[PDB]
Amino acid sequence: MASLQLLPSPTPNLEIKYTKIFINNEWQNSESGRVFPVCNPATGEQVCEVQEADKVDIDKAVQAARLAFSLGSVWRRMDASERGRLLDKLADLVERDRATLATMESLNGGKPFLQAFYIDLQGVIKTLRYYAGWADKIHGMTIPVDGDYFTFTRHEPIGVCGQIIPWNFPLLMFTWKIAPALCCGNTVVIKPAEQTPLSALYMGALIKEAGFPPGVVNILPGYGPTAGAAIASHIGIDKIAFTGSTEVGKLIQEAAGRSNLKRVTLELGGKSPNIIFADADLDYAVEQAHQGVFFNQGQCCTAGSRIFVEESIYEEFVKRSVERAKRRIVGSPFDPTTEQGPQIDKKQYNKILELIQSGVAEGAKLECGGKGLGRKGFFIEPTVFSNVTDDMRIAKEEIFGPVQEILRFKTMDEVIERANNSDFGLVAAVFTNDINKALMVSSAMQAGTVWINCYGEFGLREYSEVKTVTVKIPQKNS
């Protein structure tokens, strides 16, 4: 019929071609010989085996990285505009294999294909294009200094950069770190999460195809306590970018000073409050806060369970809020109709349910859902809680799964104080129609980023270092 069925479609015939270590544009086997399994979070099944990299592999990776960054290097003499062209060529290859890549992100990470294809991958391509445009626009400056002097600065690449990311948005994270860093001229030694190194490894292929000189990007799959720690402590690594759990960041900053005091960056958790006001149109408020709390199986750090709602509407919202969760299609990620895929791990799976129990046995009125779904996979039903208070464990601890707490507040000053209670880290999503309330909240919110009625230049600053030069001149004249 007129069914426009033809749309993005995954690929069950997806056989993982890239499962080895990527160093100096070559696919190597782990020095030890060890190999680690990669599992499909929707069926419990094993997708394939990947070469487990360790201390030794990290050394070679770093060696190629430093060589690729040396003064002779093709990566060091290459015009900046060319680095951009390469980031741009890479973006083109990502578009070409957009499906097979979006498939791994679905297959390997359990994220509903249509979402992996239309959201995640859009970002991957978007950021690669965007940063490709920054390469030759990174500017230094000439400074007017007292005295017969002429000083000026040049922003230069730090050198060898170590990167370590989580499993929330495997490809996206990998890109968000690769682009900025390459953009600035650095060389990379990136360690993807152990439960999601596929798309990362695939990018390695595209990178070599795009034309990046050997040694610029090195991808070493393996375990955190091993490879990730060998990086965070490696002596010949100038900087390190980490993003994941706070408890592990501490080990990173500490191993940083211990080693060689290399520059360090940590992208840590943080709670994600939401403050819906009575003046906001209930309908739109519900959907958005519902998508903001359930997106990416609710297990994404950029999500936020807690949802402060104004009393005048606390009634309806709760009811509407549960109707949605009820109709939410949870199924196989390859199914174009499923909205919620499985959780990433059994370890993760339990930590969620285990916290769902806490709530129930503490006053939280379970409005719907509450337990897992079936055999295999790691699905959990859309859980919505009611009558929640700040002293509960489900309100204190963040729920990294399909669980949304609905709280109630009366005064403004209130929510501001309640939502600001966060020990480092915070993101807010206010919903109003009142310029004043919006302005006040977005200001009083001790949050790194605020959204009003919805749920760049500062990026490539940590991937470059300043080099000032000052020259004595015969006589100075403005």
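Numbers for residues come from their place in the sequence shown, where the first is 1.
**Q** Counting only residues from the deposited sequence, how many are left out of the model between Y455 and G456 (none, 1 to 3, 4 to 9, 10 or more)?
**A** The entry has 10 or more unmodelled residues between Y455 and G456.
**Q** Tell me which of 159 to 167 and 72 to 80 has the higher mean C-alpha B-factor in the deposited entry.
**A** Per the PDB entry, the higher value belongs to 72 to 80.
**Q** May I ask you to compare 336 to 344 and 119 to 127 by their mean CA B factor in the entry and name the higher one?
**A** For C-alpha atoms only, the mean B-factor is higher in 336 to 344.
**Q** Determine which member of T265, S358, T246, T100 has the highest CA B-factor, using the values in the deposited entry.
**A** It is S358.
**Q** Based on the PDB record, which member of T175, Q291, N108, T142 exhibits the highest Cα temperature factor?
**A** Across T175, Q291, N108, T142, the entry lists the biggest C-alpha B-factor for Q291.
**Q** When the modelled residues of the chain are sorted by Cα temperature factor, does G185 land in the lowest, middle or highest third?
**A** Its C-alpha B-factor belongs to the lowest third of this chain's values.
**Q** Split into thirds by Cα B-factor across the chain's modelled residues, where does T226 land: lowest, middle or highest?
**A** Tercile = middle for this residue's CA B-factor.
**Q** Could you look up the Cα B-factor of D54 in the entry and say which third of the chain it sits in: lowest, middle or highest?
**A** Tercile = lowest for this residue's CA B-factor.
**Q** Considering every modelled residue of the chain and its Cα B-factor in the PDB entry, is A200 in the lowest, middle or highest third?
**A** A200: CA B-factor falls in the lowest third of its chain.
**Q** Where does the C-alpha B-factor of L251 rank in its chain, lowest, middle or highest third?
**A** Tercile = middle for this residue's CA B-factor.
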